[PDB]
$ cat work_21.txt   # compact mmCIF, N, CA and C atoms
# COMPACT_ATOMS: atom_id res chain seq x y z
N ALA A 1 15.23 0.57 10.40
CA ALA A 1 15.83 -0.67 10.89
C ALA A 1 14.82 -1.49 11.69
N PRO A 2 13.82 -2.04 10.98
CA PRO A 2 12.77 -2.86 11.60
C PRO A 2 13.30 -4.20 12.10
N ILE A 3 14.07 -4.16 13.19
CA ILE A 3 14.63 -5.38 13.76
C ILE A 3 13.65 -6.04 14.72
N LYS A 4 13.83 -7.34 14.94
CA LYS A 4 12.96 -8.09 15.83
C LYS A 4 12.99 -7.50 17.24
N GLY A 5 12.37 -8.20 18.18
CA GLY A 5 12.33 -7.73 19.56
C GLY A 5 13.70 -7.31 20.06
N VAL A 6 14.49 -8.28 20.49
CA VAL A 6 15.83 -8.01 21.00
C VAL A 6 16.90 -8.57 20.07
N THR A 7 17.35 -7.75 19.13
CA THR A 7 18.37 -8.16 18.18
C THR A 7 19.05 -6.96 17.53
N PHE A 8 20.32 -7.12 17.19
CA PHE A 8 21.08 -6.04 16.56
C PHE A 8 22.47 -6.52 16.15
N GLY A 9 22.87 -6.17 14.93
CA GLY A 9 24.17 -6.58 14.43
C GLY A 9 24.41 -8.07 14.57
N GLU A 10 23.56 -8.86 13.93
CA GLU A 10 23.68 -10.31 13.98
C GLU A 10 24.34 -10.85 12.72
N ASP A 11 24.14 -10.16 11.61
CA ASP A 11 24.73 -10.57 10.34
C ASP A 11 24.53 -9.49 9.28
N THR A 12 23.27 -9.09 9.07
CA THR A 12 22.95 -8.07 8.09
C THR A 12 21.46 -7.72 8.12
N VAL A 13 21.09 -6.67 7.41
CA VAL A 13 19.70 -6.24 7.36
C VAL A 13 18.97 -6.86 6.17
N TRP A 14 17.64 -6.82 6.21
CA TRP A 14 16.83 -7.39 5.14
C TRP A 14 17.05 -8.89 5.02
N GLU A 15 17.63 -9.48 6.06
CA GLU A 15 17.90 -10.92 6.07
C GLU A 15 17.51 -11.54 7.41
N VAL A 16 17.81 -10.83 8.49
CA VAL A 16 17.48 -11.30 9.83
C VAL A 16 16.32 -10.52 10.43
N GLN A 17 16.27 -9.23 10.13
CA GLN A 17 15.21 -8.36 10.64
C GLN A 17 13.84 -8.96 10.34
N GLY A 18 13.74 -9.70 9.24
CA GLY A 18 12.48 -10.32 8.87
C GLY A 18 11.45 -9.30 8.43
N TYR A 19 11.89 -8.29 7.68
CA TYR A 19 11.00 -7.25 7.21
C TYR A 19 11.54 -6.61 5.93
N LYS A 20 10.74 -5.72 5.34
CA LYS A 20 11.14 -5.04 4.11
C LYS A 20 10.49 -3.66 4.02
N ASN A 21 10.70 -2.98 2.90
CA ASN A 21 10.13 -1.66 2.69
C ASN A 21 9.54 -1.54 1.29
N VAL A 22 8.28 -1.12 1.22
CA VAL A 22 7.59 -0.97 -0.06
C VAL A 22 6.79 0.33 -0.10
N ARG A 23 6.70 0.93 -1.28
CA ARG A 23 5.96 2.18 -1.45
C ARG A 23 4.90 2.04 -2.54
N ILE A 24 3.92 2.93 -2.52
CA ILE A 24 2.85 2.91 -3.51
C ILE A 24 2.75 4.25 -4.24
N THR A 25 2.71 4.19 -5.57
CA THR A 25 2.61 5.39 -6.39
C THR A 25 2.13 5.06 -7.79
N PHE A 26 0.84 4.79 -7.93
CA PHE A 26 0.25 4.46 -9.22
C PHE A 26 -0.86 5.45 -9.58
N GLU A 27 -2.02 5.26 -8.97
CA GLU A 27 -3.17 6.13 -9.23
C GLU A 27 -4.35 5.74 -8.35
N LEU A 28 -4.99 6.74 -7.75
CA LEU A 28 -6.13 6.51 -6.88
C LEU A 28 -7.11 7.68 -6.94
N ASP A 29 -6.60 8.88 -6.65
CA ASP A 29 -7.43 10.08 -6.67
C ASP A 29 -6.80 11.15 -7.56
N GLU A 30 -7.39 12.34 -7.55
CA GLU A 30 -6.89 13.45 -8.35
C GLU A 30 -6.50 14.63 -7.47
N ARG A 31 -7.26 14.84 -6.40
CA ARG A 31 -6.99 15.94 -5.48
C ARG A 31 -6.22 15.45 -4.26
N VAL A 32 -6.68 14.34 -3.69
CA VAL A 32 -6.04 13.76 -2.51
C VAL A 32 -5.15 12.58 -2.89
N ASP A 33 -4.44 12.72 -4.01
CA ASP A 33 -3.55 11.67 -4.48
C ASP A 33 -2.26 11.64 -3.67
N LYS A 34 -1.72 12.82 -3.38
CA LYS A 34 -0.49 12.93 -2.61
C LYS A 34 -0.73 12.61 -1.14
N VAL A 35 -2.00 12.58 -0.75
CA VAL A 35 -2.37 12.28 0.63
C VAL A 35 -2.15 10.81 0.95
N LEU A 36 -2.06 9.99 -0.09
CA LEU A 36 -1.84 8.56 0.08
C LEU A 36 -0.56 8.11 -0.62
N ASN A 37 0.17 9.07 -1.19
CA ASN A 37 1.41 8.78 -1.88
C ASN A 37 2.58 9.52 -1.23
N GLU A 38 2.29 10.69 -0.67
CA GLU A 38 3.32 11.50 -0.02
C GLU A 38 3.11 11.53 1.50
N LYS A 39 1.86 11.70 1.91
CA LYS A 39 1.53 11.75 3.33
C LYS A 39 2.03 10.50 4.05
N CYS A 40 1.86 9.35 3.40
CA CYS A 40 2.30 8.08 3.98
C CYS A 40 2.00 6.92 3.03
N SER A 41 2.93 6.65 2.12
CA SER A 41 2.76 5.57 1.16
C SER A 41 3.76 4.45 1.41
N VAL A 42 4.60 4.64 2.42
CA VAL A 42 5.61 3.65 2.78
C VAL A 42 5.07 2.66 3.80
N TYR A 43 5.35 1.38 3.59
CA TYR A 43 4.89 0.33 4.49
C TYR A 43 5.93 -0.77 4.62
N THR A 44 5.88 -1.50 5.74
CA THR A 44 6.82 -2.58 5.99
C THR A 44 6.20 -3.94 5.64
N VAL A 45 7.01 -4.82 5.07
CA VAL A 45 6.55 -6.15 4.69
C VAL A 45 7.32 -7.23 5.43
N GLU A 46 6.60 -8.03 6.22
CA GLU A 46 7.22 -9.10 6.99
C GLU A 46 7.92 -10.09 6.07
N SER A 47 8.42 -11.18 6.64
CA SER A 47 9.12 -12.20 5.88
C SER A 47 8.13 -13.09 5.12
N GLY A 48 7.21 -13.70 5.87
CA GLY A 48 6.22 -14.57 5.25
C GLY A 48 4.86 -13.90 5.13
N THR A 49 4.63 -13.23 4.01
CA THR A 49 3.37 -12.54 3.78
C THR A 49 2.93 -12.69 2.33
N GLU A 50 1.65 -12.41 2.07
CA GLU A 50 1.10 -12.51 0.72
C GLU A 50 0.81 -11.13 0.15
N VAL A 51 0.75 -11.05 -1.18
CA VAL A 51 0.47 -9.78 -1.85
C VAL A 51 -0.93 -9.28 -1.53
N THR A 52 -1.76 -10.16 -0.98
CA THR A 52 -3.13 -9.81 -0.62
C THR A 52 -3.21 -9.31 0.82
N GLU A 53 -2.25 -9.72 1.63
CA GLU A 53 -2.21 -9.32 3.03
C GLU A 53 -1.96 -7.82 3.16
N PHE A 54 -1.20 -7.27 2.22
CA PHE A 54 -0.88 -5.85 2.23
C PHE A 54 -2.08 -5.02 1.77
N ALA A 55 -3.01 -5.67 1.09
CA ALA A 55 -4.21 -5.00 0.59
C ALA A 55 -5.16 -4.67 1.74
N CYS A 56 -4.86 -5.19 2.92
CA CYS A 56 -5.70 -4.95 4.09
C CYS A 56 -4.96 -4.09 5.12
N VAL A 57 -3.65 -3.96 4.94
CA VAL A 57 -2.84 -3.17 5.85
C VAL A 57 -2.43 -1.84 5.21
N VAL A 58 -2.40 -1.82 3.88
CA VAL A 58 -2.03 -0.61 3.15
C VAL A 58 -3.26 0.26 2.87
N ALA A 59 -4.35 -0.39 2.47
CA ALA A 59 -5.59 0.33 2.17
C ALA A 59 -6.21 0.89 3.44
N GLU A 60 -5.88 0.29 4.58
CA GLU A 60 -6.42 0.74 5.86
C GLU A 60 -6.06 2.20 6.12
N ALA A 61 -4.78 2.47 6.33
CA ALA A 61 -4.31 3.82 6.58
C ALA A 61 -4.80 4.79 5.50
N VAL A 62 -4.88 4.29 4.27
CA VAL A 62 -5.34 5.11 3.15
C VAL A 62 -6.71 5.71 3.43
N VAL A 63 -7.46 5.07 4.32
CA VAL A 63 -8.79 5.55 4.68
C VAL A 63 -8.71 6.71 5.66
N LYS A 64 -8.26 6.43 6.88
CA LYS A 64 -8.13 7.46 7.90
C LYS A 64 -7.25 8.60 7.42
N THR A 65 -6.34 8.30 6.50
CA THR A 65 -5.43 9.30 5.96
C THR A 65 -6.14 10.20 4.96
N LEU A 66 -7.21 9.69 4.36
CA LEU A 66 -7.98 10.45 3.38
C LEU A 66 -9.42 10.63 3.85
N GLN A 67 -9.59 11.21 5.03
CA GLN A 67 -10.92 11.44 5.59
C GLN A 67 -11.09 12.90 5.99
N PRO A 68 -10.51 13.81 5.19
CA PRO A 68 -10.58 15.25 5.45
C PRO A 68 -11.98 15.81 5.22
N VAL A 69 -12.57 15.46 4.08
CA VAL A 69 -13.92 15.93 3.74
C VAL A 69 -14.61 14.96 2.79
N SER A 70 -14.93 13.77 3.30
CA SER A 70 -15.60 12.75 2.50
C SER A 70 -16.87 13.30 1.86
N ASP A 71 -17.46 14.29 2.52
CA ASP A 71 -18.69 14.91 2.01
C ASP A 71 -18.52 15.36 0.57
N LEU A 72 -17.28 15.66 0.19
CA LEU A 72 -16.98 16.11 -1.17
C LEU A 72 -16.75 14.92 -2.09
N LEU A 73 -15.93 13.98 -1.65
CA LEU A 73 -15.62 12.79 -2.43
C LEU A 73 -16.91 12.11 -2.90
N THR A 74 -17.83 11.89 -1.97
CA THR A 74 -19.10 11.24 -2.28
C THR A 74 -19.89 12.06 -3.29
N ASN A 75 -19.63 13.36 -3.33
CA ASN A 75 -20.32 14.25 -4.25
C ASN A 75 -19.67 14.22 -5.64
N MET A 76 -18.40 13.84 -5.68
CA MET A 76 -17.67 13.76 -6.94
C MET A 76 -17.75 12.36 -7.53
N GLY A 77 -17.96 11.37 -6.66
CA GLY A 77 -18.06 9.99 -7.11
C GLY A 77 -17.15 9.06 -6.34
N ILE A 78 -16.18 9.64 -5.63
CA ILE A 78 -15.24 8.85 -4.84
C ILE A 78 -15.82 8.53 -3.47
N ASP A 79 -16.05 7.24 -3.22
CA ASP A 79 -16.60 6.79 -1.94
C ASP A 79 -15.48 6.42 -0.98
N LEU A 80 -15.59 6.89 0.26
CA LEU A 80 -14.59 6.60 1.28
C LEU A 80 -14.93 5.32 2.04
N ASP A 81 -16.23 5.03 2.14
CA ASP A 81 -16.69 3.83 2.83
C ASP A 81 -16.39 2.58 2.01
N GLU A 82 -16.25 2.75 0.70
CA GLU A 82 -15.96 1.64 -0.19
C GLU A 82 -14.48 1.27 -0.15
N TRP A 83 -13.64 2.27 0.09
CA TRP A 83 -12.20 2.06 0.15
C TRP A 83 -11.85 0.99 1.18
N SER A 84 -12.56 1.01 2.30
CA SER A 84 -12.33 0.04 3.37
C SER A 84 -12.85 -1.34 2.99
N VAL A 85 -13.83 -1.36 2.09
CA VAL A 85 -14.42 -2.62 1.63
C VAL A 85 -14.21 -2.81 0.13
N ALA A 86 -13.02 -2.43 -0.35
CA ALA A 86 -12.70 -2.56 -1.76
C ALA A 86 -11.49 -3.47 -1.96
N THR A 87 -11.21 -3.81 -3.22
CA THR A 87 -10.09 -4.68 -3.55
C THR A 87 -8.86 -3.86 -3.92
N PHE A 88 -7.71 -4.24 -3.36
CA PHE A 88 -6.46 -3.55 -3.64
C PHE A 88 -5.44 -4.49 -4.27
N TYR A 89 -5.38 -4.47 -5.60
CA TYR A 89 -4.45 -5.33 -6.33
C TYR A 89 -3.09 -4.66 -6.47
N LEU A 90 -2.12 -5.14 -5.69
CA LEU A 90 -0.77 -4.59 -5.72
C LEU A 90 0.01 -5.14 -6.90
N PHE A 91 0.31 -4.28 -7.86
CA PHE A 91 1.06 -4.68 -9.05
C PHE A 91 2.53 -4.27 -8.93
N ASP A 92 3.34 -4.71 -9.88
CA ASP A 92 4.76 -4.39 -9.89
C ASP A 92 5.12 -3.55 -11.11
N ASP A 93 6.42 -3.44 -11.38
CA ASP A 93 6.90 -2.66 -12.52
C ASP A 93 6.86 -3.50 -13.80
N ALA A 94 6.47 -4.76 -13.66
CA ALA A 94 6.39 -5.66 -14.80
C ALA A 94 4.94 -5.95 -15.18
N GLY A 95 4.04 -5.71 -14.23
CA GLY A 95 2.63 -5.95 -14.49
C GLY A 95 2.12 -7.20 -13.79
N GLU A 96 2.78 -7.58 -12.70
CA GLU A 96 2.39 -8.77 -11.95
C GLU A 96 2.14 -8.42 -10.48
N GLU A 97 1.62 -9.39 -9.73
CA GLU A 97 1.33 -9.19 -8.32
C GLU A 97 2.58 -9.43 -7.47
N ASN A 98 3.44 -8.43 -7.39
CA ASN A 98 4.67 -8.54 -6.61
C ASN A 98 4.73 -7.45 -5.54
N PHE A 99 5.54 -7.69 -4.51
CA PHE A 99 5.69 -6.73 -3.42
C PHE A 99 7.14 -6.28 -3.29
N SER A 100 7.68 -5.71 -4.36
CA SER A 100 9.06 -5.24 -4.37
C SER A 100 9.17 -3.89 -3.67
N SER A 101 10.34 -3.26 -3.81
CA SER A 101 10.58 -1.96 -3.19
C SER A 101 9.47 -0.97 -3.54
N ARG A 102 8.86 -1.17 -4.71
CA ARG A 102 7.79 -0.29 -5.17
C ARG A 102 6.70 -1.10 -5.87
N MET A 103 5.48 -1.01 -5.34
CA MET A 103 4.35 -1.73 -5.91
C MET A 103 3.20 -0.77 -6.22
N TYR A 104 2.64 -0.89 -7.42
CA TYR A 104 1.54 -0.04 -7.85
C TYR A 104 0.22 -0.52 -7.25
N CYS A 105 -0.73 0.40 -7.12
CA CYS A 105 -2.04 0.07 -6.56
C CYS A 105 -3.12 0.15 -7.64
N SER A 106 -3.46 -1.00 -8.21
CA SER A 106 -4.48 -1.05 -9.26
C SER A 106 -5.79 -1.60 -8.71
N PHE A 107 -6.90 -1.01 -9.15
CA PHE A 107 -8.22 -1.44 -8.70
C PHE A 107 -8.68 -2.68 -9.46
N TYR A 108 -8.35 -2.74 -10.75
CA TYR A 108 -8.73 -3.87 -11.59
C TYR A 108 -7.95 -5.12 -11.20
N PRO A 109 -8.54 -6.29 -11.48
CA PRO A 109 -7.92 -7.58 -11.17
C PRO A 109 -6.71 -7.87 -12.04
N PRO A 110 -5.93 -8.90 -11.66
CA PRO A 110 -4.73 -9.30 -12.40
C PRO A 110 -5.07 -9.92 -13.76
N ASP A 111 -6.00 -10.87 -13.75
CA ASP A 111 -6.41 -11.54 -14.98
C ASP A 111 -7.49 -12.58 -14.69
N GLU A 112 -7.41 -13.21 -13.52
CA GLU A 112 -8.38 -14.23 -13.13
C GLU A 112 -9.80 -13.70 -13.27
$ encode --input "work_21.txt" --output "structure tokens"
Amino acid sequence: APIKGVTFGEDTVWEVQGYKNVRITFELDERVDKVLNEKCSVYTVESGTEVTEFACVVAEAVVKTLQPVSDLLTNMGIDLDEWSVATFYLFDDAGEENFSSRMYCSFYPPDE
């Protein structure tokens, strides 16, 4: 119930609270995949936000959340330092840049 500062029972949720709920479950890793999908893949979306704004708030935690043994990732090919400076294209269930209840995390661009 992500309600504003001082507010409660004003009319309904997802209308006044000015927030939402979105999850990520597409593809990123092979060993530490659940670390960013199960450990914490849920995030809140304000009222006025862009699909690109979440690419800086969602990918963030994905870093500190997946920093168990970067020494290995870098040895396999997966860079942890790049994740913080990489592009996060949030896709939908239709194949577009949407931020619905569930948005996929694709590395490749939309089409541009």
$ select_by_dssp --input "work_21.txt" --residues "chain A" --states "strand (DSSP E)" --output "list in words"
residues 21, 22, 23, 42, 43, 44, 89, 90, 91, 104, 105 and 106 of chain A
$ closest_residue --input "work_21.txt" --among "A:88, A:108, A:54, A:14" --to "residue 1 in chain A" --atoms "only C-alpha atoms"
A:14
$ atom_distance --input "work_21.txt" --atom1 "atom C of residue 112 in chain A" --atom2 "atom C of residue 99 in chain A"
21.0 Å
$ closest_residue --input "work_21.txt" --among "A:51, A:76, A:66, A:95" --to "residue 39 in chain A" --atoms "only C-alpha atoms"
A:66
$ residues_around --input "work_21.txt" --residues "residue 19 in chain A" --least-positions-apart "6" --cutoff "6 Å" --atoms "only C-alpha atoms" --output "list in words"
residues 45, 46 and 47 of chain A
$ atom_distance --input "work_21.txt" --atom1 "atom C of residue 87 in chain A" --atom2 "CA of residue 60 in chain A"
11.1 Å
$ residues_near_point --input "work_21.txt" --point "(-13.4, 9.8, -6.7)" --cutoff "7 Å" --atoms "all atoms listed in the file" --output "list in words"
residues 28, 29, 30, 73, 74, 76, 77, 78 and 79 of chain A
$ residues_around --input "work_21.txt" --residues "residue 62 in chain A" --least-positions-apart "4" --cutoff "9 Å" --atoms "only C-alpha atoms" --output "ChimeraX atom specification"
/A:35-36,40-41,58,66-67,83-84
$ atom_distance --input "work_21.txt" --atom1 "CA of residue 98 in chain A" --atom2 "atom C of residue 23 in chain A"
11.3 Å
$ select_by_dssp --input "work_21.txt" --residues "range 12-100 of chain A" --states "alpha helix (DSSP H)" --output "VMD selection string"
chain A and resid 54 to 64 70 to 76 80 to 83
$ write_last_selection --input "work_21.txt" --atoms "N, CA and C atoms" --output "mmCIF file, in the coordinates of the input"
data_model
loop_
_atom_site.group_PDB
_atom_site.id
_atom_site.type_symbol
_atom_site.label_atom_id
_atom_site.label_comp_id
_atom_site.auth_asym_id
_atom_site.auth_seq_id
_atom_site.Cartn_x
_atom_site.Cartn_y
_atom_site.Cartn_z
ATOM 1 N N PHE A 54 -1.200 -7.270 2.220
ATOM 2 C CA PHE A 54 -0.880 -5.850 2.230
ATOM 3 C C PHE A 54 -2.080 -5.020 1.770
ATOM 4 N N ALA A 55 -3.010 -5.670 1.090
ATOM 5 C CA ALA A 55 -4.210 -5.000 0.590
ATOM 6 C C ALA A 55 -5.160 -4.670 1.740
ATOM 7 N N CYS A 56 -4.860 -5.190 2.920
ATOM 8 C CA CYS A 56 -5.700 -4.950 4.090
ATOM 9 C C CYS A 56 -4.960 -4.090 5.120
ATOM 10 N N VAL A 57 -3.650 -3.960 4.940
ATOM 11 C CA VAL A 57 -2.840 -3.170 5.850
ATOM 12 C C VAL A 57 -2.430 -1.840 5.210
ATOM 13 N N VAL A 58 -2.400 -1.820 3.880
ATOM 14 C CA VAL A 58 -2.030 -0.610 3.150
ATOM 15 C C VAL A 58 -3.260 0.260 2.870
ATOM 16 N N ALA A 59 -4.350 -0.390 2.470
ATOM 17 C CA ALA A 59 -5.590 0.330 2.170
ATOM 18 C C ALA A 59 -6.210 0.890 3.440
ATOM 19 N N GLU A 60 -5.880 0.290 4.580
ATOM 20 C CA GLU A 60 -6.420 0.740 5.860
ATOM 21 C C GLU A 60 -6.060 2.200 6.120
ATOM 22 N N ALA A 61 -4.780 2.470 6.330
ATOM 23 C CA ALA A 61 -4.310 3.820 6.580
ATOM 24 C C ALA A 61 -4.800 4.790 5.500
ATOM 25 N N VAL A 62 -4.880 4.290 4.270
ATOM 26 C CA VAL A 62 -5.340 5.110 3.150
ATOM 27 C C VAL A 62 -6.710 5.710 3.430
ATOM 28 N N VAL A 63 -7.460 5.070 4.320
ATOM 29 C CA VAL A 63 -8.790 5.550 4.680
ATOM 30 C C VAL A 63 -8.710 6.710 5.660
ATOM 31 N N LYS A 64 -8.260 6.430 6.880
ATOM 32 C CA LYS A 64 -8.130 7.460 7.900
ATOM 33 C C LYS A 64 -7.250 8.600 7.420
ATOM 34 N N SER A 70 -14.930 13.770 3.300
ATOM 35 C CA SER A 70 -15.600 12.750 2.500
ATOM 36 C C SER A 70 -16.870 13.300 1.860
ATOM 37 N N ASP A 71 -17.460 14.290 2.520
ATOM 38 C CA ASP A 71 -18.690 14.910 2.010
ATOM 39 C C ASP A 71 -18.520 15.360 0.570
ATOM 40 N N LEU A 72 -17.280 15.660 0.190
ATOM 41 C CA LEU A 72 -16.980 16.110 -1.170
ATOM 42 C C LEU A 72 -16.750 14.920 -2.090
ATOM 43 N N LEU A 73 -15.930 13.980 -1.650
ATOM 44 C CA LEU A 73 -15.620 12.790 -2.430
ATOM 45 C C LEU A 73 -16.910 12.110 -2.900
ATOM 46 N N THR A 74 -17.830 11.890 -1.970
ATOM 47 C CA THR A 74 -19.100 11.240 -2.280
ATOM 48 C C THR A 74 -19.890 12.060 -3.290
ATOM 49 N N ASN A 75 -19.630 13.360 -3.330
ATOM 50 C CA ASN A 75 -20.320 14.250 -4.250
ATOM 51 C C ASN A 75 -19.670 14.220 -5.640
ATOM 52 N N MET A 76 -18.400 13.840 -5.680
ATOM 53 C CA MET A 76 -17.670 13.760 -6.940
ATOM 54 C C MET A 76 -17.750 12.360 -7.530
ATOM 55 N N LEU A 80 -15.590 6.890 0.260
ATOM 56 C CA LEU A 80 -14.590 6.600 1.280
ATOM 57 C C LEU A 80 -14.930 5.320 2.040
ATOM 58 N N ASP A 81 -16.230 5.030 2.140
ATOM 59 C CA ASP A 81 -16.690 3.830 2.830
ATOM 60 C C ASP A 81 -16.390 2.580 2.010
ATOM 61 N N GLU A 82 -16.250 2.750 0.700
ATOM 62 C CA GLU A 82 -15.960 1.640 -0.190
ATOM 63 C C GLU A 82 -14.480 1.270 -0.150
ATOM 64 N N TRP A 83 -13.640 2.270 0.090
ATOM 65 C CA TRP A 83 -12.200 2.060 0.150
ATOM 66 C C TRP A 83 -11.850 0.990 1.180
#
$ residues_near_point --input "work_21.txt" --point "(-1.7, -5.1, -10.2)" --cutoff "7 Å" --atoms "only N, CA and C atoms" --output "PDB file with N, CA and C atoms, in the coordinates of the input"
ATOM      1  N   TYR A  89      -5.380  -4.470  -5.600  1.00  0.00           N
ATOM      2  CA  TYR A  89      -4.450  -5.330  -6.330  1.00  0.00           C
ATOM      3  C   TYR A  89      -3.090  -4.660  -6.470  1.00  0.00           C
ATOM      4  N   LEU A  90      -2.120  -5.140  -5.690  1.00  0.00           N
ATOM      5  CA  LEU A  90      -0.770  -4.590  -5.720  1.00  0.00           C
ATOM      6  C   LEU A  90       0.010  -5.140  -6.900  1.00  0.00           C
ATOM      7  N   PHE A  91       0.310  -4.280  -7.860  1.00  0.00           N
ATOM      8  CA  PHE A  91       1.060  -4.680  -9.050  1.00  0.00           C
ATOM      9  C   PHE A  91       2.530  -4.270  -8.930  1.00  0.00           C
ATOM     10  N   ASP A  92       3.340  -4.710  -9.880  1.00  0.00           N
ATOM     11  CA  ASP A  92       4.760  -4.390  -9.890  1.00  0.00           C
ATOM     12  C   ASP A  92       5.120  -3.550 -11.110  1.00  0.00           C
ATOM     13  N   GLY A  95       4.040  -5.710 -14.230  1.00  0.00           N
ATOM     14  CA  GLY A  95       2.630  -5.950 -14.490  1.00  0.00           C
ATOM     15  C   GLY A  95       2.120  -7.200 -13.790  1.00  0.00           C
ATOM     16  N   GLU A  96       2.780  -7.580 -12.700  1.00  0.00           N
ATOM     17  CA  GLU A  96       2.390  -8.770 -11.950  1.00  0.00           C
ATOM     18  C   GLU A  96       2.140  -8.420 -10.480  1.00  0.00           C
ATOM     19  N   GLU A  97       1.620  -9.390  -9.730  1.00  0.00           N
ATOM     20  CA  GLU A  97       1.330  -9.190  -8.320  1.00  0.00           C
ATOM     21  C   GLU A  97       2.580  -9.430  -7.470  1.00  0.00           C
ATOM     22  N   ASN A  98       3.440  -8.430  -7.390  1.00  0.00           N
ATOM     23  CA  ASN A  98       4.670  -8.540  -6.610  1.00  0.00           C
ATOM     24  C   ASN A  98       4.730  -7.450  -5.540  1.00  0.00           C
ATOM     25  N   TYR A 104       2.640  -0.890  -7.420  1.00  0.00           N
ATOM     26  CA  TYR A 104       1.540  -0.040  -7.850  1.00  0.00           C
ATOM     27  C   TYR A 104       0.220  -0.520  -7.250  1.00  0.00           C
ATOM     28  N   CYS A 105      -0.730   0.400  -7.120  1.00  0.00           N
ATOM     29  CA  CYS A 105      -2.040   0.070  -6.560  1.00  0.00           C
ATOM     30  C   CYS A 105      -3.120   0.150  -7.640  1.00  0.00           C
ATOM     31  N   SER A 106      -3.460  -1.000  -8.210  1.00  0.00           N
ATOM     32  CA  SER A 106      -4.480  -1.050  -9.260  1.00  0.00           C
ATOM     33  C   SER A 106      -5.790  -1.600  -8.710  1.00  0.00           C
ATOM     34  N   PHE A 107      -6.900  -1.010  -9.150  1.00  0.00           N
ATOM     35  CA  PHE A 107      -8.220  -1.440  -8.700  1.00  0.00           C
ATOM     36  C   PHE A 107      -8.680  -2.680  -9.460  1.00  0.00           C
ATOM     37  N   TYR A 108      -8.350  -2.740 -10.750  1.00  0.00           N
ATOM     38  CA  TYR A 108      -8.730  -3.870 -11.590  1.00  0.00           C
ATOM     39  C   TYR A 108      -7.950  -5.120 -11.200  1.00  0.00           C
ATOM     40  N   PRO A 109      -8.540  -6.290 -11.480  1.00  0.00           N
ATOM     41  CA  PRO A 109      -7.920  -7.580 -11.170  1.00  0.00           C
ATOM     42  C   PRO A 109      -6.710  -7.870 -12.040  1.00  0.00           C
ATOM     43  N   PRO A 110      -5.930  -8.900 -11.660  1.00  0.00           N
ATOM     44  CA  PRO A 110      -4.730  -9.300 -12.400  1.00  0.00           C
ATOM     45  C   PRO A 110      -5.070  -9.920 -13.760  1.00  0.00           C
TER      46      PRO A 110
END
$ closest_residue --input "work_21.txt" --among "A:6, A:22, A:61, A:55" --to "residue 43 in chain A" --atoms "only C-alpha atoms"
A:22
